[PDB]
């Protein structure tokens, strides 16, 4: 809101035009556009790397497992969703070697606990594809051991370093308030993310 100029925002939207895929059929076009605008706050260096790797951010109008490429996850219990009685059929956002996201489910509490669905999922793709699983490196493990319970959801974020990475990334990039909150709660994580983007 003062840290990225109009030219850089437009460049990031242009990069995202070669990443984001809108679904076939009816969907909420305004909310899909809002998701793209939130994604455009991610540092352009990461967006450029996603584009070069041909990573697509698939926006969906239905359940993830109703897509042919995720049908294999029907009935599978996601990591961290044990005991919920729920499976991938119920999950609104996926990230890793692909990214798939239900339009309308961005906000925290819409079937998931992330501060923002699309930034959290895209962070997983950046971790895995762009940064070669940096969340599982020794350096990040040590930061996670200290700070990984300081964003809440201790049995998920505090247990899986890749989840703490993805959520911290989402705080860093969503808006000025979540960025400030991360700096206060998780100062080593904040510095780690700042240095990754240098």
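Residue numbers count along the first chain shown, from 1.
**Q** Do the C-alpha atoms of 129-137 or of 144-152 have the higher average B factor in the entry?
**A** Comparing 144-152 with 129-137, the higher average CA B-factor belongs to 144-152.
**Q** Select between 70-78 and 93-101 the stretch whose C-alpha atoms have the higher average B-factor in the entry.
**A** Between 70-78 and 93-101, it is 70-78.
**Q** According to the PDB entry, is the CA B factor of residue 21 in the bottom, middle or top third of its chain, that is, lowest, middle or highest?
**A** According to the entry, residue 21 has a C-alpha B-factor in the chain's middle third.
**Q** Looking at the temperature factor on the CA atom of residue 34, which third of the chain's modelled residues does it land in?
**A** Ranked within chain, residue 34 CA B lands in the middle tercile.
**Q** For residue 116, return the chain-relative third of its C-alpha B-factor as stated in the PDB record: lowest, middle or highest.
**A** Its C-alpha B-factor, which the entry lists for residue 116, ranks in the lowest third among residues of this chain.
**Q** Which third of the chain does residue 124 land in by C-alpha B-factor: lowest, middle or highest?
**A** Answer is lowest: the recorded C-alpha B-factor places it there.
**Q** Using the B-factors in the PDB entry, rank residue 159's C-alpha atom against the chain and give the third, lowest, middle or highest.
**A** According to the entry, residue 159 has a C-alpha B-factor in the chain's highest third.
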